[PDB]
Amino acid sequence: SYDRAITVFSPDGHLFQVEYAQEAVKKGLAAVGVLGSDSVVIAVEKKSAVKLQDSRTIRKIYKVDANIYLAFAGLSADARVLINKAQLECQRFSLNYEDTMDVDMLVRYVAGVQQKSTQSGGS
Amino acid sequence: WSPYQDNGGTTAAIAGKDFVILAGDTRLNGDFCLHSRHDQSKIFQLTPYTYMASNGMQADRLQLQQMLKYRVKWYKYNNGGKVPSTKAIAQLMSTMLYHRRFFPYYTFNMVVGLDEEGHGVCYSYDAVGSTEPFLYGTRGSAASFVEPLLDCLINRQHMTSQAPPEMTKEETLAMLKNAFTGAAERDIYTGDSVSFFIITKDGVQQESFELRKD
Amino acid sequence: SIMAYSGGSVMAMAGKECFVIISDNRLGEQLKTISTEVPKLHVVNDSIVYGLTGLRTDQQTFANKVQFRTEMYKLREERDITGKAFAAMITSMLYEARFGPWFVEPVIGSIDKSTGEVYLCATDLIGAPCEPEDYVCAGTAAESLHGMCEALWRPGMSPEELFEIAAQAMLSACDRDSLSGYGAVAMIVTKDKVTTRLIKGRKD
Amino acid sequence: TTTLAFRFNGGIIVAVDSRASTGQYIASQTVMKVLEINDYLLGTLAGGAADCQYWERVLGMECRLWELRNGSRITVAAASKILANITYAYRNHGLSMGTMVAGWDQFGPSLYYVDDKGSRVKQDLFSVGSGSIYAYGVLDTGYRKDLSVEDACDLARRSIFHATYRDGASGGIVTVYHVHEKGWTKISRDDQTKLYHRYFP
Amino acid sequence: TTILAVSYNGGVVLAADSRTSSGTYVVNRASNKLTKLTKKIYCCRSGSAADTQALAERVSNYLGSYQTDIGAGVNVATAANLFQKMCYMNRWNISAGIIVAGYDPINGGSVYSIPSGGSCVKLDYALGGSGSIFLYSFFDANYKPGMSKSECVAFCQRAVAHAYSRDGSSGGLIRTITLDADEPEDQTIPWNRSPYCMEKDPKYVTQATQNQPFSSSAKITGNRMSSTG
Amino acid sequence: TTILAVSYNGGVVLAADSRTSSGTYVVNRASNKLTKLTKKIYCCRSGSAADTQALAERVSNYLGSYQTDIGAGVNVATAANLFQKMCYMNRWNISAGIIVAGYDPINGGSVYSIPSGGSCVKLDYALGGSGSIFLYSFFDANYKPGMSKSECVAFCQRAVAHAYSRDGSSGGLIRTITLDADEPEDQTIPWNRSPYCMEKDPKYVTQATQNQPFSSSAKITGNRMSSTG
Amino acid sequence: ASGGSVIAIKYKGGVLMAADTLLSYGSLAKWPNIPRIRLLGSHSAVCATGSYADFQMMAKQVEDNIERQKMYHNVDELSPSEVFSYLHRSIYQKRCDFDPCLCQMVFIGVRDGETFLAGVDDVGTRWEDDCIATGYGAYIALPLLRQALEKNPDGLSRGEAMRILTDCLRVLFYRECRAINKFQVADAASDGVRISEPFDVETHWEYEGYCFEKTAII
Amino acid sequence: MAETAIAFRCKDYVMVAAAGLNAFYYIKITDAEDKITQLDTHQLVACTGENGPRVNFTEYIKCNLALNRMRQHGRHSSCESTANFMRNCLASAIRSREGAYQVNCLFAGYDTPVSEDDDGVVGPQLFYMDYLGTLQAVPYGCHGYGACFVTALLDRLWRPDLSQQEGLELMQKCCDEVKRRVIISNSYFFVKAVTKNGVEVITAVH
Amino acid sequence: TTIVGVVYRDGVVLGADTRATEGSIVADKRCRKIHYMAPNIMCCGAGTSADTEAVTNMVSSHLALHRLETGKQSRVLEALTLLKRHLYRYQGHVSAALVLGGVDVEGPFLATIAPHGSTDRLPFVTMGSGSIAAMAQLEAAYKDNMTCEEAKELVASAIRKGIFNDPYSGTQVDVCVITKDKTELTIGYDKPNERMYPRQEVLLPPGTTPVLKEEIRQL
Ligand SMILES: Cc1nc(C)c(C(=O)Nc2ccc(F)c(-c3nc4ncc(-c5ncccc5C)cn4n3)c2)o1
Ligand SMILES: *[B]([O])([O])[C]([C][C]([C])[C])[N]C(=O)[C]([C]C1=[C][C]=[C][C]=[C]1)[N]C(=O)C1=[C]N=[C][C]=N1
Ligand SMILES: *[B]([O])([O])[C]([C][C]([C])[C])[N]C(=O)[C]([C]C1=[C][C]=[C][C]=[C]1)[N]C(=O)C1=[C]N=[C][C]=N1
Ligand SMILES: *[B]([O])([O])[C]([C][C]([C])[C])[N]C(=O)[C]([C]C1=[C][C]=[C][C]=[C]1)[N]C(=O)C1=[C]N=[C][C]=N1
Ligand SMILES: *[B]([O])([O])[C]([C][C]([C])[C])[N]C(=O)[C]([C]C1=[C][C]=[C][C]=[C]1)[N]C(=O)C1=[C]N=[C][C]=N1
């Protein structure tokens, strides 16, 4: 199939397709999360009060696990595909290990998918 | 046509304090005939300190001796010339017998070598790789003759008497000749001549011995 | 198999003017111990002692027909049965039932009271006569006993030192057999006396 | 092979034999029936000798790789689920292994049992092997939850012994472990023939 | 099926019967077991009627694709190594006894017998089929090598006729063809003009005296052909 | 085993090989398959060596007890109904092909072939054994009825020699005997004076060119007999 | 098509190997005029007991291996100990593919003094001796070959090793069913392998206990 | 084998117990069927097996002991003479037309001196048997699926000097183990005992 | 088993081995396989020790019982007829291969009996498992009218082809010469396998095995 190398190195040791992917996030909606003693809050931008959006309220922060939730920033079509990989990984974990997945485990999987798309042909 | 065939013979080893004596008779035989009397393909050298001594089927013996031969060479190339120990080879043996579990070898194996401390330890295997470190071991057709004999004179059990001192290389060798002269009398698939290997830290010396020709 | 259903090994060695015979103490049903204090030996007179192995139903039925025939031999002929006549008698019993065969393997040891010659005999289940001059052995651990007896025997043994070889041969072979063990009962016998010894063994 | 382990107020005690027989011939008498997986888990072996020593070495590799990646210890509920998914995947491949895992995770103890067919059960009291049926009746008579550490070591050493005495496939050297909160310790290691002249002098 | 191929000085003479029979019933009594590979190389064909037909037209397409790319004539040893390659790598799945005989300008007349085992043997004459076991002692006595073309035709027609007289599997017509430097000449003689048959063999005319009349003596006087006498 | 019996004007000529073979090994290479029943009636003997020996000496004791009570000579048809009675009521337990041939003053020379099925057929010539299937096409071509005694002996010796040349079961000596109004004359010719063998057959002298030299052409030039050339 | 028994022996200076020129099919002896002794390269020769189609494809493979290694590169020809080793690893590969080379083989070879004599089975067994026999010559002819190597440990000459093969081929004609009296003998020496013209042995059938009246069952 | 028989002998009594379950491949027909047949006034046998051969073997044994008391003027034979008569019927049936009896049984009895000249056995008798014809005098014998649970229980707790009540609470432990581990529902166990005064049907342990 | 026989100038010579194995292990090393039938008839035997001994003793007592009636020397053809009718009426279930040799008023009689009941009267016969290896020695060195010494050495050199090549045979050569007048039976004629490396003889002192009870019964 098509597997030409896209993410290559610059003559200054930079990855152009990664530095240009970060610019697509810097135009995305701002999302802020802080860490407390007994609670975690995360707040997103929720583009506008369009008045044409559905009266059924549409959540931006997506549910990934029973206790682990996710908020993103960037292309909203790429993030949906990324979360359905992570929502598929939680059901791989509690089918092979009988345990609730830790927070640090799910982030090492999603960061493993982000890095895997930076070292593939055609991707 | 059946792809399995027992080729007789027996191998026995007794390990001492800084040595192992390793023996195996030279006799190849088939369906009802006698193929040869001088097969040296029963005990194989892997490293200068560790041998393998297998018997059963002669065809799958030579294949297992070569796949053991090159996994030692990939060990020696990838570790900067470091020769593998007996414990490393005998766990390599125990895994490869299980990787072919559903079309297995008709071999019965013994990995025989010295420790990192210098003491000799023999291992034994079933057809699928059940390992155990032990001080002796006897495989082959005459195993049920010799393995109870080595229980009675090495362990020193059921005898209300004080323990003898440690066995030398010579008193172990003269003991092990009494088993192969005992297996040549009562086992029809065993015995033309038995070859003794004496594995010491200053190289290996090699002897031969004559059994009954019938 | 039917032959190794009950367990138990009986052997005998020949000495200078004596012989030994020794059985184990186990009765079983293929893995489980039924009894731990059951010998396999039988004594018919002061010269002949024989031991049965194989299926325990046949070990008791055949030994009733032997005692039916040995005591009828003593009523007809006014004399004790001899070793060559007893061994050739129950050789014929295992051959009459050749197609419905008994599952015993009798190990006969005997001696002449006046001459002093030992006579060993171990038939098969179909009655194959075989008299070695050195030793005989049958049972489930029989393949382990041909290694122990042949590497330790010599023709000129005293009765006290022949017992020490037969006892170390039975126990070292029963430590490798999972259908025989639990001690051993031996019987050394000369021209002058019969001595019956019970031997320590592993209770495994 | 006779192998039992039970759960009580104070931890888990594992007790085994040391005998491996190929039908009516005894192959060995010093077989380590307990493969320690790491310094807080245990695993026993029953059935096929190579099928157990392979996949509990595979299980000891997946537990070590857990600690490397996630930085913490593996639980026992995750350790058996590794062994049960391996076992259920090869249920038609003729494997013969029956293994108990025992350990102290952060939720106390747990004592499981895995078949060669993919089962996994959670109790406080097992006895596995061919001579297990002898080890139940002497153990179910004298078991209670609040035993002491010394009496439960005595009940385990005595319940293995009455199975080795009766079964032809069990025997040798009775090995007793104790799984407390800091790990496991080898309590005793003694011959079955020496143990007969203690219990019936 | 009785097939054979015999060499003379010029070329070869192929000979075969004509009968495919499903066990005990004659499905076809005018079969053609002489299969054309190229113009001067044929093969005899015994065994399974489907397994040997699929081999014969798979070899004949490799062999004609070879002849076009070469631009010359095909040797007989070339065609006999395409049956040996296929009858050996299918030897557990097919039932195929093939006799390959032909003519090439280099080696003259060649005969290759390829049995069911898949071996290849170059011969002077070959035999094949279930009816061939009658013809070994017939060729040991009555066959002399070095016959002409007209003598090998009348011999191989007389050879097949002794084979299907005793064999139940074989019968029907006798199809022969000669392959040499001339054009291939074929000939099919029927059953009623066959050179041998046991029904007109004058030593099988007298019936075996089985059905004796009820008589007073042990003197055997022939069968009983009437109810009165 | 190849056995046969051929009738001429005076009496009969019995002919047989000499080899009992346990499957693939020659247990005996000097067997005698020509069994005496009475002075002028013999039987050929194929199949099981024990099952046919027990029949042949059970018939021969009924047949000599009959001859004493009668006080005359035994007919051949009498001896052939004692084999048919025994080979039929034991046909599932024995393996017995018997050819009974003899001489009596009433009927002259008689030949009875009793196969493994247990039937009885009176013939002019009979064939039997595993090597007999080679001799049907040999007797269809080379046999003419009405030969003399000296011609039937040299024919039946030439007949058996073609049979055990191809058959692996048969071989060894050739034992023949003639049964007519004179004394029974027996003759045993060896292998090295046999009238036929394939090793001295001059058309099997040239080896089949299998082991070709490694060459530049397709011209077949015979086997390779040396490492240099 | 199937071959019969093959016998071989070493002498002082080379190796001899004999085999009948017969190719039977069950009991039927189809062709008494085919050669079974194939010679390999310039120093060695092999012959088989068993299926002929398996031998004809195997020896075609190992003859192509000797020449193409020698033709393409500037290397020496393979020794007999190295082409027998390729012959052994090719038969063992076929039984692991569940399609073996169903025949015993006898291999001879002499390369400048070093004589080589070994056999190989369909399974993969290989052995080296001073006397190899396969088929029913391993039962019949091989006991006669073994006593004549131990009645003189210095070695057999060519003249006395040819007497005992003829003594062994004579008993193979007596006691094997699927055999004829037409034998070829290969002779591998320092000059190379040389196959002889087919001969026969002198058989004795004239014992006085073989007569018609003694062996009769009346 | 689905139903267990448990018997142990002591200094002056022999306990027996046999579960009264009768089934049809999974369906409980009964729960109280007596499977301990009273042969003599001091002898009984606890046969296990299916109900076909079990009645027909015990009725042949019981009617022949009674016949041997008719023809011998009411003289009760010993327990070894009854046990050796039993295994003669097992051993002669495995080599017959009709086939082997599929009964596993435990013979129990008490030997009393029948006259002043009798100097035989005084103590209790307990014999293990089999369907083939094995006979073994044993301190305690067990059959069924739950036999191996309770034979190693009696390895732990049986003593030769147990009293009538101490062996009664031992048999209660023997019955509660079979209810605990065996999948086969054995709920009623029919405990009987043989003493110097004859047989007695113990009501307490069930 | 490697039983053989050879007809020489005046009489026959019978040969046998001594090894008897029960299932791949050597039961007896000095078994006797040349049996007694008559003062002029001996009989080698192969197969099962039960079936060989019990077909031989029944016929040899029947030949003795038939000798008191006739008062004459027993034929070897009547020894053969009693053997072949027994082995036929059990249809090969009595697994005994026999070699029968004897001398009568009609000369030496050597013949073999198969376990199915067939008989073959030959100058030299071999039976048993090593019969194939022993026949090849006889086919290479037999000739008519050999002396007593050349036939006794041909027989003994044919047993050793079954000793050193057949695993079911060995340890000795038994040779029995049958003449018209006498009969000579040697057992230790050829012992090619001696005892190499005699036994170390591990000494155990009397009393080192632990004994729990002992009971001595004087006679
Ligand atoms: C929770 C639980 N409750 C029970 C009662 C069990 C249990 O028994 N589980 C189990 C699972 C798999 C096995 F494979 C085994 C097992 N153990 C054995 N020991 C010895 C021999 C043997 N040895 C020598 C010779 C012949 C044989 C047959 C065979 N096996 N098979 C046992 O689990
Ligand atoms: B115990 O008897 O189950 C024991 C446990 C094992 C961990 C040593 N197993 C064995 O002894 C098995 C018995 C067996 C069970 C099922 C199928 C086949 C065999 N024996 C072996 O696996 C064996 C074989 N050869 C050598 C050593 N062990
Ligand atoms: B000849 O009889 O062998 C013939 C050769 C064929 C290649 C033309 N074969 C058949 O007649 C076979 C049957 C057969 C007989 C004997 C040996 C092997 C095969 N005929 C068929 O295969 C057949 C049967 N029914 C329908 C179509 N074809
Ligand atoms: B002849 O080969 O058929 C021959 C005829 C016999 C009556 C003298 N039969 C045998 O050779 C038989 C084997 C056989 C071959 C072919 C078909 C049927 C039978 N020989 C034996 O029965 C035999 C074998 N071993 C020992 C003794 N006898
Ligand atoms: B022959 O191998 O020396 C011998 C024949 C003789 C002892 C009657 N045969 C045996 O050794 C037989 C076994 C056998 C082997 C091969 C073919 C047929 C039979 N042995 C016994 O019958 C035997 C068994 N146990 C004790 C004594 N003899």
# chains A, B, ... in the order shown; residues from 1 in each chain; ligands from 1
>>> residues_near_ligand(ligand="ligand 5", cutoff="7 Å", atoms="only C-alpha atoms and all ligand atoms", output="PyMOL selection string")
(chain C and resi 123-124+128-130) or (chain I and resi 1-2+17-23+27-28+31+33+45-50+52+128-129+168-169)
>>> write_last_selection(atoms="N, CA, C and O atoms", output="short mmCIF file (atom, residue, chain, number, x, y, z; two decimals), in the first residue's frame")
data_model
loop_
_atom_site.label_atom_id
_atom_site.label_comp_id
_atom_site.auth_asym_id
_atom_site.auth_seq_id
_atom_site.Cartn_x
_atom_site.Cartn_y
_atom_site.Cartn_z
N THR C 123 7.77 -69.39 36.66
CA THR C 123 7.02 -69.58 35.43
C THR C 123 6.37 -68.26 35.03
O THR C 123 6.35 -67.28 35.77
N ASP C 124 5.83 -68.23 33.81
CA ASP C 124 5.06 -67.09 33.34
C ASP C 124 3.60 -67.35 33.71
O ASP C 124 3.29 -68.31 34.43
N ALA C 128 5.38 -71.22 31.59
CA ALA C 128 6.67 -71.45 30.94
C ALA C 128 7.76 -71.77 31.96
O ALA C 128 8.19 -70.87 32.68
N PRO C 129 8.26 -73.00 32.02
CA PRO C 129 9.25 -73.35 33.04
C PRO C 129 10.62 -72.76 32.72
O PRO C 129 11.06 -72.71 31.57
N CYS C 130 11.29 -72.31 33.78
CA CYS C 130 12.57 -71.63 33.64
C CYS C 130 13.28 -71.72 35.00
O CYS C 130 12.80 -71.16 35.99
N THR I 1 15.70 -66.98 18.76
CA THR I 1 16.16 -68.36 18.89
C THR I 1 16.86 -68.72 17.58
O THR I 1 16.49 -68.21 16.53
N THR I 2 17.91 -69.54 17.65
CA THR I 2 18.75 -69.83 16.49
C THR I 2 19.02 -71.33 16.44
O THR I 2 20.14 -71.82 16.47
N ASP I 17 20.84 -72.15 20.77
CA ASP I 17 21.37 -71.14 21.67
C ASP I 17 20.84 -71.38 23.09
O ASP I 17 20.16 -72.37 23.35
N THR I 18 21.15 -70.47 24.01
CA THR I 18 20.72 -70.61 25.39
C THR I 18 19.95 -69.42 25.95
O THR I 18 19.41 -69.53 27.05
N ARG I 19 19.89 -68.30 25.24
CA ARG I 19 19.23 -67.11 25.76
C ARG I 19 17.71 -67.26 25.68
O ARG I 19 17.18 -67.71 24.66
N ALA I 20 17.02 -66.89 26.76
CA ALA I 20 15.57 -66.80 26.79
C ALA I 20 15.19 -65.45 27.38
O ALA I 20 15.61 -65.11 28.49
N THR I 21 14.41 -64.67 26.63
CA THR I 21 14.04 -63.31 27.01
C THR I 21 12.54 -63.23 27.22
O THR I 21 11.78 -63.84 26.46
N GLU I 22 12.11 -62.49 28.25
CA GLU I 22 10.69 -62.18 28.41
C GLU I 22 10.47 -60.67 28.25
O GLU I 22 10.56 -59.87 29.18
N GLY I 23 10.19 -60.28 27.01
CA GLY I 23 9.86 -58.90 26.71
C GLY I 23 11.02 -57.94 26.83
O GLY I 23 11.08 -57.15 27.78
N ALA I 27 15.65 -62.98 30.44
CA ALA I 27 15.20 -63.74 31.59
C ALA I 27 16.26 -64.74 32.03
O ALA I 27 16.78 -64.66 33.15
N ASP I 28 16.61 -65.67 31.16
CA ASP I 28 17.58 -66.70 31.46
C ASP I 28 18.70 -66.64 30.43
O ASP I 28 18.46 -66.33 29.26
N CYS I 31 19.33 -71.23 29.25
CA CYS I 31 18.20 -72.12 29.02
C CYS I 31 18.61 -73.25 28.09
O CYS I 31 19.55 -73.14 27.30
N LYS I 33 17.46 -75.85 25.12
CA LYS I 33 16.48 -75.88 24.04
C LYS I 33 16.52 -77.16 23.22
O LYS I 33 15.63 -77.38 22.40
N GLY I 45 13.88 -76.60 19.84
CA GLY I 45 12.63 -75.88 19.95
C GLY I 45 12.76 -74.38 20.04
O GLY I 45 13.67 -73.86 20.70
N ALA I 46 11.86 -73.66 19.38
CA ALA I 46 11.82 -72.21 19.41
C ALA I 46 10.42 -71.77 19.82
O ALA I 46 9.52 -72.59 20.01
N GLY I 47 10.23 -70.46 19.95
CA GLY I 47 8.93 -69.93 20.30
C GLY I 47 8.74 -69.70 21.78
O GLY I 47 9.58 -69.07 22.43
N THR I 48 7.64 -70.20 22.33
CA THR I 48 7.33 -70.00 23.73
C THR I 48 7.82 -71.19 24.54
O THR I 48 7.69 -72.34 24.11
N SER I 49 8.41 -70.92 25.72
CA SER I 49 8.92 -71.99 26.58
C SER I 49 7.81 -72.87 27.13
O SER I 49 8.05 -74.05 27.43
N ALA I 50 6.61 -72.32 27.30
CA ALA I 50 5.49 -73.12 27.77
C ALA I 50 5.03 -74.10 26.71
O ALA I 50 4.83 -75.29 26.99
N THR I 52 6.65 -75.08 23.82
CA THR I 52 7.68 -76.00 23.35
C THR I 52 7.89 -77.18 24.29
O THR I 52 7.92 -78.32 23.82
N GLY I 128 13.59 -70.46 14.35
CA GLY I 128 13.72 -69.44 15.36
C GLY I 128 13.81 -68.06 14.74
O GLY I 128 13.57 -67.85 13.55
N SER I 129 14.17 -67.09 15.58
CA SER I 129 14.28 -65.71 15.13
C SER I 129 15.57 -65.43 14.38
O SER I 129 15.56 -64.62 13.45
N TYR I 168 17.70 -61.54 20.08
CA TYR I 168 16.94 -62.53 20.84
C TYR I 168 17.68 -63.84 21.05
O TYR I 168 17.04 -64.84 21.41
N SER I 169 18.99 -63.88 20.83
CA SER I 169 19.76 -65.12 20.88
C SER I 169 21.16 -64.87 21.41
O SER I 169 21.77 -63.83 21.11
#
>>> residues_near_ligand(ligand="ligand 1", cutoff="6 Å", atoms="only C-alpha atoms and all ligand atoms", output="PDB file with C-alpha atoms, in the first residue's frame")
ATOM      1  CA  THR D   1       0.787 -35.413  43.037  1.00  0.00           C
ATOM      2  CA  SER D  21       5.785 -40.735  38.269  1.00  0.00           C
ATOM      3  CA  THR D  22       5.306 -41.917  34.671  1.00  0.00           C
ATOM      4  CA  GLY D  23       2.536 -44.443  35.289  1.00  0.00           C
ATOM      5  CA  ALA D  46      -0.123 -30.555  39.162  1.00  0.00           C
ATOM      6  CA  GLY D  47      -0.705 -32.707  36.114  1.00  0.00           C
ATOM      7  CA  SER D  96      -2.922 -31.051  31.449  1.00  0.00           C
ATOM      8  CA  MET D  97      -2.210 -28.600  34.267  1.00  0.00           C
ATOM      9  CA  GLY D  98      -3.974 -27.644  37.477  1.00  0.00           C
ATOM     10  CA  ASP D 115      -7.693 -25.650  35.327  1.00  0.00           C
ATOM     11  CA  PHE D 126      -8.358 -26.199  47.918  1.00  0.00           C
ATOM     12  CA  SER D 127      -6.646 -29.539  47.460  1.00  0.00           C
ATOM     13  CA  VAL D 128      -5.619 -30.540  43.950  1.00  0.00           C
ATOM     14  CA  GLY D 129      -4.071 -33.591  42.344  1.00  0.00           C
ATOM     15  CA  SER D 130      -4.699 -37.300  42.048  1.00  0.00           C
ATOM     16  CA  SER D 132      -6.361 -34.709  46.618  1.00  0.00           C
ATOM     17  CA  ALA D 169       1.127 -40.987  42.650  1.00  0.00           C
TER      18      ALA D 169
END
>>> residues_around(residues="region 92-96 of chain G", least_positions_apart="4", cutoff="8 Å", atoms="only C-alpha atoms", output="list in words")
residues 3 and 59 of chain B; 88, 100, 101, 122, 123 and 124 of chain G
>>> interface_residues(of="chain D", to="chain A", cutoff="12 Å", atoms="only C-alpha atoms", output="list in words")
residues 62, 63, 66, 69, 70, 71, 72, 74, 75, 76, 77, 78, 79, 80, 81, 82, 83, 84, 85, 86, 88, 89 and 120 of chain D
>>> residues_near_ligand(ligand="ligand 2", cutoff="10 Å", atoms="only C-alpha atoms and all ligand atoms", output="JSON, numbers by chain")
{"B": [124, 125, 126, 127, 128, 129, 130, 131, 132], "D": [1, 2, 3, 16, 17, 18, 19, 20, 21, 22, 23, 25, 26, 27, 28, 29, 30, 31, 32, 33, 34, 35, 44, 45, 46, 47, 48, 49, 50, 51, 52, 53, 94, 95, 96, 97, 98, 99, 128, 129, 130, 131, 168, 169, 170, 171]}
>>> residues_near_ligand(ligand="ligand 4", cutoff="9 Å", atoms="only C-alpha atoms and all ligand atoms", output="ChimeraX atom specification")
/F:1-3,17-28,31-33,44-53,95-98,128-131,169-171 /I:113-120
